[PDB]
Amino acid sequence: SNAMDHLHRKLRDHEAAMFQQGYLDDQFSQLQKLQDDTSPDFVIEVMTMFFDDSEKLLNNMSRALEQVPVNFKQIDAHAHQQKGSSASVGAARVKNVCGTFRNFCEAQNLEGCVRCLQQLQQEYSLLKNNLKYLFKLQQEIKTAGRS
């Protein structure tokens, strides 16, 4: 069988690396679990929804930080929303960066908030690029199957 072929090995290795390095946590595993009416595209469908919401949110946060004066209460609300969205998909490193904003928002510290946003954007991009690779490999395996 092809169970041990290069695509299968790469997929298992890459996903395991994502967990070991903290990109993903068990909520992602919950999305991926075998079910009797959903397939693997379920996780892809969910993640596309998450990516679209997250990119809008991050753009809103960026713009917010450029306003004079800065509305720290809004920044904090955005960070909280992104935290829960990240938790819904098992994006562990992204979620944990989101939790760093509150402290700076309550202090009205803008340079802290900027640092937090830079980390958030970095972490989001790392997650998205690594997940896109996961999904590329899954798709290639599906193609090999057919059928």
# chains A, B, ... in the order shown; residues from 1 in each chain; ligands from 1

$ residues_around --residues "residue A:48" --least-positions-apart "5" --cutoff "12 Å" --atoms "only C-alpha atoms" --output "ChimeraX atom specification"
/A:41-43,53-55,89,128,131-132,135

$ write_last_selection --atoms "N, CA, C and O atoms" --output "tab-separated table (two decimals), in the first residue's frame"
chain	number	residue	atom	x	y	z
A	41	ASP	N	-11.97	17.36	4.46
A	41	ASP	CA	-12.28	18.70	4.00
A	41	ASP	C	-13.07	19.43	5.06
A	41	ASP	O	-12.95	20.57	4.95
A	42	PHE	N	-13.55	18.69	6.12
A	42	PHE	CA	-14.23	19.50	7.09
A	42	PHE	C	-13.26	20.48	7.72
A	42	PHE	O	-13.53	21.65	7.90
A	43	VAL	N	-12.07	19.98	8.10
A	43	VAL	CA	-11.08	20.88	8.74
A	43	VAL	C	-10.65	21.97	7.80
A	43	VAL	O	-10.44	23.10	8.23
A	53	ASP	N	-11.84	35.35	8.66
A	53	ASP	CA	-12.15	36.19	9.83
A	53	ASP	C	-10.91	36.79	10.42
A	53	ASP	O	-10.88	37.96	10.81
A	54	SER	N	-9.85	35.99	10.53
A	54	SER	CA	-8.64	36.45	11.16
A	54	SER	C	-7.99	37.55	10.36
A	54	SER	O	-7.47	38.51	10.94
A	55	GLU	N	-7.96	37.42	9.04
A	55	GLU	CA	-7.25	38.43	8.23
A	55	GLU	C	-7.99	39.75	8.32
A	55	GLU	O	-7.36	40.82	8.41
A	89	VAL	N	-10.17	26.60	16.72
A	89	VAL	CA	-9.51	25.82	15.70
A	89	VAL	C	-8.21	25.17	16.17
A	89	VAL	O	-7.57	24.48	15.41
A	128	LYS	N	-0.76	29.82	9.09
A	128	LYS	CA	-1.47	29.67	7.82
A	128	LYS	C	-0.59	28.96	6.81
A	128	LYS	O	-1.03	28.05	6.10
A	131	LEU	N	-0.29	25.24	7.75
A	131	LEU	CA	-1.52	24.54	7.47
A	131	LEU	C	-1.77	24.37	6.01
A	131	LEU	O	-2.22	23.31	5.55
A	132	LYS	N	-1.48	25.38	5.18
A	132	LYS	CA	-1.65	25.25	3.74
A	132	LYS	C	-0.81	24.10	3.23
A	132	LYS	O	-1.22	23.38	2.30
A	135	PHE	N	-2.54	20.83	4.09
A	135	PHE	CA	-3.67	20.59	3.23
A	135	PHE	C	-3.25	20.23	1.81
A	135	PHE	O	-3.89	19.41	1.15

$ residues_around --residues "residue A:24" --least-positions-apart "4" --cutoff "10 Å" --atoms "only C-alpha atoms" --output "PDB file with N, CA, C and O atoms, in the first residue's frame"
ATOM      1  N   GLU A  15       2.718  17.388  10.263  1.00  0.00           N
ATOM      2  CA  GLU A  15       1.675  17.650  11.320  1.00  0.00           C
ATOM      3  C   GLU A  15       2.242  17.438  12.707  1.00  0.00           C
ATOM      4  O   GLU A  15       1.970  18.250  13.588  1.00  0.00           O
ATOM      5  N   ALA A  16       2.981  16.346  12.912  1.00  0.00           N
ATOM      6  CA  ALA A  16       3.546  16.118  14.234  1.00  0.00           C
ATOM      7  C   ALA A  16       4.487  17.273  14.634  1.00  0.00           C
ATOM      8  O   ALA A  16       4.529  17.641  15.810  1.00  0.00           O
ATOM      9  N   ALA A  17       5.247  17.786  13.679  1.00  0.00           N
ATOM     10  CA  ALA A  17       6.147  18.915  13.975  1.00  0.00           C
ATOM     11  C   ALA A  17       5.341  20.138  14.386  1.00  0.00           C
ATOM     12  O   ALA A  17       5.750  20.883  15.287  1.00  0.00           O
ATOM     13  N   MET A  18       4.218  20.378  13.725  1.00  0.00           N
ATOM     14  CA  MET A  18       3.359  21.504  14.090  1.00  0.00           C
ATOM     15  C   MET A  18       2.880  21.394  15.514  1.00  0.00           C
ATOM     16  O   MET A  18       2.807  22.396  16.247  1.00  0.00           O
ATOM     17  N   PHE A  19       2.487  20.190  15.951  1.00  0.00           N
ATOM     18  CA  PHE A  19       2.115  20.009  17.333  1.00  0.00           C
ATOM     19  C   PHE A  19       3.331  20.185  18.267  1.00  0.00           C
ATOM     20  O   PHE A  19       3.240  20.871  19.282  1.00  0.00           O
ATOM     21  N   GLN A  20       4.477  19.589  17.924  1.00  0.00           N
ATOM     22  CA  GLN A  20       5.614  19.619  18.840  1.00  0.00           C
ATOM     23  C   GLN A  20       6.081  21.046  19.077  1.00  0.00           C
ATOM     24  O   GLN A  20       6.493  21.408  20.182  1.00  0.00           O
ATOM     25  N   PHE A  28      -7.431  21.260  17.330  1.00  0.00           N
ATOM     26  CA  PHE A  28      -7.219  20.925  15.938  1.00  0.00           C
ATOM     27  C   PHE A  28      -7.428  19.414  15.726  1.00  0.00           C
ATOM     28  O   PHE A  28      -8.043  18.965  14.780  1.00  0.00           O
ATOM     29  N   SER A  29      -6.853  18.608  16.652  1.00  0.00           N
ATOM     30  CA  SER A  29      -7.071  17.173  16.587  1.00  0.00           C
ATOM     31  C   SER A  29      -8.565  16.831  16.607  1.00  0.00           C
ATOM     32  O   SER A  29      -8.986  15.887  15.918  1.00  0.00           O
ATOM     33  N   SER A  86      -9.192  31.659  17.610  1.00  0.00           N
ATOM     34  CA  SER A  86      -8.011  30.803  17.566  1.00  0.00           C
ATOM     35  C   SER A  86      -8.207  29.551  18.368  1.00  0.00           C
ATOM     36  O   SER A  86      -7.828  28.455  17.975  1.00  0.00           O
ATOM     37  N   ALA A  87      -8.815  29.690  19.564  1.00  0.00           N
ATOM     38  CA  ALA A  87      -9.137  28.540  20.374  1.00  0.00           C
ATOM     39  C   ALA A  87     -10.102  27.610  19.673  1.00  0.00           C
ATOM     40  O   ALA A  87      -9.981  26.358  19.872  1.00  0.00           O
ATOM     41  N   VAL A  89     -10.173  26.603  16.718  1.00  0.00           N
ATOM     42  CA  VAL A  89      -9.514  25.816  15.703  1.00  0.00           C
ATOM     43  C   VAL A  89      -8.209  25.169  16.172  1.00  0.00           C
ATOM     44  O   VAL A  89      -7.572  24.477  15.415  1.00  0.00           O
ATOM     45  N   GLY A  90      -7.823  25.408  17.431  1.00  0.00           N
ATOM     46  CA  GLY A  90      -6.567  24.828  17.927  1.00  0.00           C
ATOM     47  C   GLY A  90      -5.313  25.516  17.492  1.00  0.00           C
ATOM     48  O   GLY A  90      -4.236  24.926  17.525  1.00  0.00           O
ATOM     49  N   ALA A  91      -5.402  26.820  17.171  1.00  0.00           N
ATOM     50  CA  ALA A  91      -4.242  27.638  16.779  1.00  0.00           C
ATOM     51  C   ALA A  91      -3.588  28.173  18.063  1.00  0.00           C
ATOM     52  O   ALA A  91      -3.820  29.297  18.490  1.00  0.00           O
ATOM     53  N   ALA A  92      -2.779  27.317  18.708  1.00  0.00           N
ATOM     54  CA  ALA A  92      -2.338  27.533  20.065  1.00  0.00           C
ATOM     55  C   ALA A  92      -1.425  28.750  20.232  1.00  0.00           C
ATOM     56  O   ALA A  92      -1.612  29.563  21.114  1.00  0.00           O
ATOM     57  N   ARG A  93      -0.401  28.851  19.369  1.00  0.00           N
ATOM     58  CA  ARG A  93       0.517  29.990  19.462  1.00  0.00           C
ATOM     59  C   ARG A  93      -0.191  31.283  19.160  1.00  0.00           C
ATOM     60  O   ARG A  93       0.071  32.319  19.801  1.00  0.00           O
ATOM     61  N   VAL A  94      -1.101  31.303  18.177  1.00  0.00           N
ATOM     62  CA  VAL A  94      -1.864  32.516  17.873  1.00  0.00           C
ATOM     63  C   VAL A  94      -2.713  32.891  19.087  1.00  0.00           C
ATOM     64  O   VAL A  94      -2.742  34.060  19.512  1.00  0.00           O
ATOM     65  N   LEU A 127       1.319  30.007  11.039  1.00  0.00           N
ATOM     66  CA  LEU A 127       0.270  28.987  11.131  1.00  0.00           C
ATOM     67  C   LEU A 127      -0.347  28.731   9.768  1.00  0.00           C
ATOM     68  O   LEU A 127      -0.522  27.586   9.344  1.00  0.00           O
ATOM     69  N   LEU A 131      -0.294  25.237   7.751  1.00  0.00           N
ATOM     70  CA  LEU A 131      -1.524  24.537   7.474  1.00  0.00           C
ATOM     71  C   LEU A 131      -1.767  24.366   6.007  1.00  0.00           C
ATOM     72  O   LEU A 131      -2.223  23.309   5.553  1.00  0.00           O
TER      73      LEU A 131
END

$ atom_distance --atom1 "atom CA of residue A:134" --atom2 "atom CA of residue A:98"
23.8 Å

$ atom_distance --atom1 "atom CA of residue A:142" --atom2 "atom CA of residue A:85"
28.4 Å

$ residues_around --residues "residue A:70" --least-positions-apart "4" --cutoff "10 Å" --atoms "only C-alpha atoms" --output "number ranges by chain"
A: 63-66, 74-75, 105, 108-110

$ select_by_dssp --residues "stretch 29-108 of chain A" --states "helix (DSSP H, G or I)" --output "ChimeraX atom specification"
/A:29-32,41-66,72-89,92-98,101-107

$ residues_around --residues "residue A:112" --least-positions-apart "2" --cutoff "12 Å" --atoms "only C-alpha atoms" --output "ChimeraX atom specification"
/A:65,72,75,100-110,114-119

$ closest_residue --among "A:96, A:34, A:88, A:122" --to "residue A:49" --atoms "only C-alpha atoms"
A:88

$ atom_distance --atom1 "atom CA of residue A:51" --atom2 "atom CA of residue A:33"
20.5 Å

$ closest_residue --among "A:39, A:11, A:123, A:27" --to "residue A:140" --atoms "only C-alpha atoms"
A:11
